[PDB]
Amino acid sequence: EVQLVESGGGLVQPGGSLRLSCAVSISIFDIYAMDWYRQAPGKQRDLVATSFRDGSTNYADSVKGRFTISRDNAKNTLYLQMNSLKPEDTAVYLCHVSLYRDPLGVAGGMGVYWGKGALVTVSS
């Protein structure tokens, strides 16, 4: 079983910083896509950042210049460095992973895994 565990969450003041990490139970260097999602109370999940196998990254416009995603292949850990946090950043942050390039979405049960999430609270 592939398992994800998020850490590094908590309460911070506006403009503060947090580094989220997700430990993966398997080697991550060949994992196709590793994502950070977030879900604010009463709202839908949004994709925050994505790290692809080929080294490329995608960011939501709302977190560009503030958030940084990266893989630590040696530790099998996905990081989310969060600087200049805002009240609107308050959400449960969830790590997500797609082991395989799955164009037709035929191997969801085998390739897609979610973490339980880590709560991030930004207020003064």
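We number the residues from 1 along the sequence you see.
In this entry, 43 to 51 shows the higher mean Cα temperature factor of the pair 73 to 81 and 43 to 51. Higher mean CA B-factor, judged across 15 to 23 and 97 to 105 from the recorded values: 97 to 105. The PDB entry assigns the greatest CA B-factor among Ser62, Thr68, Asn58, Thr90 to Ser62. Annotation for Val2: C-alpha temperature factor in the highest third relative to the rest of the modelled chain, per the entry.
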